[PDB]
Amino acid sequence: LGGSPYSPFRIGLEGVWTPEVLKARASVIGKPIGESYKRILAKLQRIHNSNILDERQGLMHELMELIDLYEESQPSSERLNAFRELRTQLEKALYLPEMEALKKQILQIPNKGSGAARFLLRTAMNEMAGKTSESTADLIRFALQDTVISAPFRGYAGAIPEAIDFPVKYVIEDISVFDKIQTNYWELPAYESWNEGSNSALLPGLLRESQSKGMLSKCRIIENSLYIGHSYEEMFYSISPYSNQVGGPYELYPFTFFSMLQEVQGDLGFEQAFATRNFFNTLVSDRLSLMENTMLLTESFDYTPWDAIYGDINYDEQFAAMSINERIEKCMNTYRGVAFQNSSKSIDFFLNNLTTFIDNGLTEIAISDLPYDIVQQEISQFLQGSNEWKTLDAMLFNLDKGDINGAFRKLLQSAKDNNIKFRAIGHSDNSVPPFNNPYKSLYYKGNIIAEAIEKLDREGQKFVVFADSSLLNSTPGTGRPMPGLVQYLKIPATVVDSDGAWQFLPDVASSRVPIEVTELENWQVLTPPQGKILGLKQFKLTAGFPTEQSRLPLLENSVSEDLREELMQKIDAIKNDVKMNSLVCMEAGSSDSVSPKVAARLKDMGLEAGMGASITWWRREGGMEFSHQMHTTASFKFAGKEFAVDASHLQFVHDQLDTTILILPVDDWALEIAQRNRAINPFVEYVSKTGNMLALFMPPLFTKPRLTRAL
């Protein structure tokens, strides 16, 4: 069932007004339908025409924002009674009564139609359904601190001129905002020969001159509006006094352009102030996608393999005891890789010993201090001897503090001359400081690790990585530690001392922790109790009654081929046991007394007892009531798997010739029982139950089918 009427998450529209009902409710005498209101009406229609439930709830969140905006811009509008009513209906259609705390957290985030609320509700519902792991609270925490997601949108929503040939990220709509800032950049010594009245008058010149030198190529002014295709982070790491001093390789013009952008920005966020809404919404939803993958990556990470090699208290001494050349040989031929802290000292040491590394099969050098999403093609240009690498070059001046030599530049140079592959593993997004928040840090680290896993641990590779200490070893994560590049790649992290000692960098215990959290306001746990919701639908027989014929593949595929014949022997033994056939019952509810007798007989036959299993579900009763129905079974253990032995299954609808004792892997047993009973929202616990504990065993209460509000 792709959208069951029995699911609590069906997002039903029964209690949400249609456009025509709204018209009559929001009609005011002498006031024709304005443009805000006509887009509110079109959004409502889309909601009612929406078949895809995820999209529907997305559109509903969008409508809530439009109503928020209308309410803010028209505080005395007489249409506000109807709109406030509609907004409440949308909240109640999306957020069930038991979701109050979730609702409060999600709807406090600004810009309800930005994609954050859509993502958070999707995640919350999957978490409650037991289809995703525990993640919602932490994603809410990430969202609340993020300078893009948690910012009320103040950017550009207008159209983009068609003459622009680059994808636009930021727009300054009215150029005259530059003339409103504190600093007179037109009065600067470097612009006396320009003789310009104001900042906005400098602007066309600043672009034109930088544009020729290679920089700022994705900036265009059309009709008093400035359009930008360079990312905030790209600009920050390629434009500074280190790369843009007076009379330098890239002059002053980019730095002045960026400096006054930041002044116009004020104490708003960059994206909050200048971003296109399209680009804003894309950023919000991609940040959340990526943080989710990062968190998933930390889940159940096993430190045992790494600690087994590098985690002994004295590994530092065993590393130090070796000669420098013995370490290089070990790192290259045994570990297949090593990582250095991103200091110039470490780079210098590496370069001083480069021949030794190459002779032992070094194939690649990787650094996190450059963003592949910006400069990877330009890096390839450098290596191919070509000249189209201006942004790369400017970023190297920044990394090298404006030095002509500089460790990072030397590193790139050696890779070219020695035919070693060079890779950037940094990602530009969310990479600009301050890193005063563990979630921003974790997000940034996670993207670098994902790239490194993808590109670096490949069987025919011997690599060296240069990265920040925070990226190399473990850091605080979401409910658990966030492991470093080095743990993920199965390598050691190293530093070079101030007096040239190449030493191991231990993963300290204080870093291998969860991020410190306060519980969110009134927060309730979302994940289901214990056991499993099979599905939020009505289960049905797909292909008629099950038979021993149909069950055979389920039994044979449950175990390896060399164990197949022993399982069948055990199943034959059970089905042809005299005391087992005595226990057979087709009375309604008989599993209560039968199941324990089965467990006792299995024991006496010399089989290993399993935990058993129980299934419970809702059943439509007379007069719109739903009762709970349940069934339990004993099991045996074989090859680390549990097999139901169900001698009371014939109380349920069955094939005419069917066996009296049902034997299937527990998961196949549950499905069969659910389908034969046409079970609504069935729930399995992997224990057999008896007496009161069977008689009142029911699914999670939020799954009991209910009517939608109302109106």
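For every residue, the number given is its place in the sequence shown, counted from 1.
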Got a sec? Mean C-alpha B-factor, which is higher, 255-263 or 595-603?
255-263
With B-factors read from the PDB entry, the higher C-alpha mean of 669-677 and 26-34 is in 26-34
Between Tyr250, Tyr95, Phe357, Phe539, where does the Cα B-factor run highest in the record?
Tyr250
According to the Cα B-factor stored in this entry, which of the following is highest: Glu91, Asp146, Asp507, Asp400?
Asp400
Sorting the chain's modelled residues by C-alpha B-factor, tell me whether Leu567 ends up in the lowest, middle or highest third.
highest
When the deposited Cα B-factors of this chain's modelled residues are ordered and cut into thirds, is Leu552 in the lowest, the middle or the highest one?
highest
For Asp138, return the chain-relative third of its C-alpha B-factor as stated in the PDB record: lowest, middle or highest.
lowest
Quick one: classify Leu297 as lowest, middle or highest third of the chain based on its Cα B-factor.
middle
Lowest, middle or highest third: which one holds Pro161 when the chain's residues are ordered by CA B-factor from the entry?
highest
